Amino acid sequence: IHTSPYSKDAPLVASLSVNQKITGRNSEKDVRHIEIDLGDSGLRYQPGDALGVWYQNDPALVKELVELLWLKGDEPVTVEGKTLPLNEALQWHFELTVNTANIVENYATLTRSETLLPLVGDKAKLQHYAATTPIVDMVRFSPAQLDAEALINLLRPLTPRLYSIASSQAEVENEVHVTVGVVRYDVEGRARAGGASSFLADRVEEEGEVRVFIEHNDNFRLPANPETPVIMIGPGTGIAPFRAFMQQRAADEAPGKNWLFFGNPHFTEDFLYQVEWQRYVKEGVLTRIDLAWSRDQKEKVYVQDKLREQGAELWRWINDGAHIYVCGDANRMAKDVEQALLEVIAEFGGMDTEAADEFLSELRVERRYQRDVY
Ligand SMILES: Cc1cc2nc3c(=O)[nH]c(=O)nc-3n(C[C@H](O)[C@H](O)[C@H](O)COP(=O)(O)OP(=O)(O)OC[C@@H]3O[C@@H](n4cnc5c(N)ncnc54)[C@@H](O)[C@@H]3O)c2cc1C
């Protein structure tokens with residue numbers, strides 16, 4: 001517009017306007033619709049961008065870790081040029097909620113943990129213990145006396161988390177919306193949680209401050225040409241940019257057809273933004289939707305199962321020049337959705353495994369196959 005001085009290390013201090021649970025009362029998962037006010041900042045983004053969000057660790061987790069280590073919490077510590085009491089350094093500048101094989105290995109080694117040492121250099125044992133046991137539970141289970149400097153030396157610096165933007169400024173203005181699945185789990189009877197998602201969910205009331213920046217994604221964007229059809233595949237929190245896409249196309253009043261593929265365990269508990277979609281379908285901006293409810297029956301159903309069953313109509317849309325978008329879990333979802341997409345291109349459209357491979361690839365270079373997976 002004519003400048004913007006906010007970025008990762010110089011974030012905009014914004015205001016948390018809305019923090020709403022969007023999953024049902026008996027969902028297995030807690031998902032928050034969050035709206036942050038951008039005020040007169042002039043911060044701008046496009047559908048497909050992500051919002052960078054700084055967080056602080058739970059003060060109660062910090063107190064727990066420090067007392068396990070025989071520390072007081074005060075104790076001056078130096079972090080990137082600044083002398084801080086232990087407690088403030090841990091709350092604001094160190095990751096506490098992501099364990100790693102190296103941390104596990106250095107703690108074990110540092111404290112000479114009789115119970116952790118057999119894992120040392122044992123490779124995948126280390127990675128498995130770290131995926132399984134948070135750092136505070138690692139020292140709960142094998143506590144030891146540490147000095148404040150030895151601790152902070154073990155730890156990795158705190159970094160912001162990315163959330164796909166769930167709004168379009170064409171519709172919203174002054175605001176950015178995000179779709180936050182909050183990471184909650186227990187460890188041998190203790191409640192644990194992800195750092196940033198529980199910070200947003202639990203530790204900022206309303207209109208309280210959040211430190212925010214835009215991570216642009218120019219490789220995840222609506223077609224120019226409002227007449228072009230778009231197919232959106234976004235189970236779970238992967239739905240978020242597709243809420244941004246529909247706000248945009250509804251706002252621009254794009255006549256182009258829209259197809260959404262969504263999946264999650266339970267219709268009843270986990271149909272994120274479902275009134276919004278039903279309205280889109282009724283106002284005719286959303287042309288089609290296919291739902292995959294994992295745990296709604298005996299057999300597990302996923303989006304990729306709907307993509308195959310919807311094969312011939314999908315193919316019809318591709319040849320009409322559709323753009324295809326995938327967002328959500330990369331670890332398993334993105335791969336199985338890609339193979340369903342190769343199966344469909346072969347099945348309908350003049351098969352040959354190798355040629356379908358080639359086709360999916362020309363699509364990506366043409367910008368007609370785009371993904372944002374994590
Ligand atoms: C481009 C981009 C888009 C994203 N968009 C979204 C979005 O729209 N919405 C969204 O929700 N997320 C999205 N994220 C992911 C988000 O960035 C975070 O990674 C996610 O919120 C978790 O952050 P956290 O800080 O809450 O947790 P962290 O503290 O980083 O949590 C780490 C996790 O907590 C623990 N873990 C999980 N469960 C268990 C268990 N049972 N046992 C022990 N260990 C466990 C840690 O091991 C595990 O690795 C996006 C990621 C990227 C890169």
Side-chain angles (χ1 to χ4, degrees), residues 8 19 21-23 28-36 45 47-58 61-62 65 94-104 126-138 140-141 155-167 176-204 210 212-220 232 234-245 262 264 270 272-273 325-331 333-334 370-374:
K8 188 206 249 248
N19 173 12
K21 183 175 197 273
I22 242 75
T23 51
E28 265 311 283
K29 210 187 185 199
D30 178 0
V31 177
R32 307 301 167 93
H33 171 74
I34 275 153
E35 306 182 357
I36 282 152
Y45 58 90
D49 291 349
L51 182 81
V53 185
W54 285 99
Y55 70 100
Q56 49 216 79
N57 288 294
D58 186 348
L61 176 68
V62 173
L65 184 270
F94 285 101
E95 206 168 60
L96 259 159
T97 54
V98 177
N99 204 357
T100 81
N102 271 326
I103 296 176
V104 172
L126 285 166
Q127 279 165 342
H128 186 256
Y129 190 85
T132 244
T133 321
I135 286 174
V136 177
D137 288 306
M138 181 187 62
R140 194 164 67 96
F141 298 156
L155 259 27
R156 307 189 308 172
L158 187 154
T159 51
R161 270 69 168 138
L162 260 12
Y163 296 103
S164 319
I165 292 168
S167 57
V176 68
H177 305 185
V178 110
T179 305
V180 180
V182 5
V183 182
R184 290 192 198 290
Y185 57 98
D186 95 275
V187 186
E188 302 298 342
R190 301 285 325 281
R192 303 291 183 211
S197 57
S198 76
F199 172 77
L200 290 171
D202 305 340
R203 298 195 297 280
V204 194
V210 303
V212 128
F213 61 95
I214 306 304
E215 178 109 330
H216 298 111
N217 192 352
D218 298 310
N219 285 122
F220 202 86
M232 309 165 273
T237 58
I239 186 78
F242 301 138
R243 186 178 186 266
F245 280 19
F262 178 73
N264 241 358
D270 307 296
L272 309 178
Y273 301 106
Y325 306 82
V326 181
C327 183
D329 164 58
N331 107 304
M333 182 266 158
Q370 297 195 309
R371 303 169 353 163
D372 198 28
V373 296
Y374 47 87

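All residue numbers refer to positions in the sequence shown, counting from 1. Counting convention: from 1, in listed order, for ligands and their atoms alike. Values below: every heavy atom of this structure, side chains too, minus hydrogens, waters and symmetry copies.
Listed here is the closest heavy atom pair of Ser197 and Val183: OG-N, 3.1 Å. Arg32 and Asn19 get closest at one heavy-atom pair: NH1-OD1, 3.1 Å. Across all their heavy atoms, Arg203 and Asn57 have their closest contact at NH2-C, 3.7 Å. The nearest pair of heavy atoms linking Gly236 to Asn264 is CA-OD1, 3.5 Å. The nearest pair of heavy atoms linking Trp54 to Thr159 is CZ3-CA, 4.1 Å. Closest approach of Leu155 and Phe94 over heavy atoms only: CB-CD2, 3.7 Å.
Annotation: atom 45 (C) of ligand 1 to nearest protein heavy atom, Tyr185 CZ, 3.5 Å. The protein atom (non-hydrogen) at minimum distance from atom 32 (C) of ligand 1 is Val98 CG2, 3.6 Å. Among protein heavy atoms, the minimum distance from atom 27 (O) of ligand 1 is reached at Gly194 CA, 3.3 Å. In this structure, the protein non-hydrogen atom closest to atom 4 (C) of ligand 1 is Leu162 O, 3.2 Å. Counting only heavy atoms of the protein, atom 13 (C) of ligand 1 lies nearest to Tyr374 CE1, 3.5 Å. For atom 44 (N) of ligand 1, the closest non-hydrogen atom of the protein is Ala131 O, 3.0 Å.
Here's the thing with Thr179: one of its N/O atoms is less than 3.5 angstrom from an N/O atom of ligand 1. At least one N/O-N/O distance between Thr97 and ligand 1 falls below 3.5 Å. In terms of polar-atom proximity, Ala193 is not counted as a contact of ligand 1, lacking any N or O under 3.5 Å from an N or O of the ligand. Inclusion of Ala130 in the set of residues having an N or O under 3.5 Å from an N or O of ligand 1 is not warranted. For the pair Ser197 and ligand 1, the shortest N or O to N or O distance falls below 3.5 Å. Taking any N or O of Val180, backbone or side chain, none lies under 3.5 Å from an N or O belonging to ligand 1. Inclusion of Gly181 in the set of residues having an N or O under 3.5 Å from an N or O of ligand 1 is warranted.
Protein heavy atoms are absent from the space less than 4.0 angstrom from atom 49 (O) of ligand 1.
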Point to revise | Intermediate values then yes/no, side-chain hydrogen bond (donor to acceptor under 3.5 Å, both in side chains), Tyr273 and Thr179 | key: CA-CA 10 Å; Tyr273 301 106; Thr179 305; 2.8 Å; yes

Practice item. With salt bridge (charged side-chain N to carboxylate O under 4.0 Å, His left out) as the test, would you mind laying out the steps for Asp137 and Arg190 before giving the verdict? Key: CA-CA 9 Å; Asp137 288 306; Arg190 301 285 325 281; 5.5 Å; no

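The proximity of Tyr163 to ligand 1, defined as any non-hydrogen pair under 4.0 Å, involves the side chain as well as the backbone. Neither the backbone nor the side chain of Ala166 has any atom closer than 4.0 Å to an atom of ligand 1 (non-hydrogen atoms only). Neither the backbone nor the side chain of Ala50 comes within contact range of ligand 1; no heavy atom lies under 4.0 Å.
Put simply, no part of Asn99 is less than 4.0 Å from ligand 1, judged by heavy atoms.
If you check the side chains of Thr237 and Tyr163, you find no donor sitting under 3.5 Å from an acceptor.
Near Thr132, the atoms of ligand 1 lying under 4.0 angstrom from a non-hydrogen atom of the residue are 43 (C). The atoms of ligand 1 that sit less than 4.0 Å from any heavy atom of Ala196 are 24 (P), 25 (O), 26 (O).
Residues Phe220 and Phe245 bring their aromatic ring centres within 6.0 Å. Two rings, from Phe242 and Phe262, have their centers 6.0 Å or more apart.
Salt bridge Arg184/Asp30: present, at least one basic N to carboxylate O contact under 4.0 Å.
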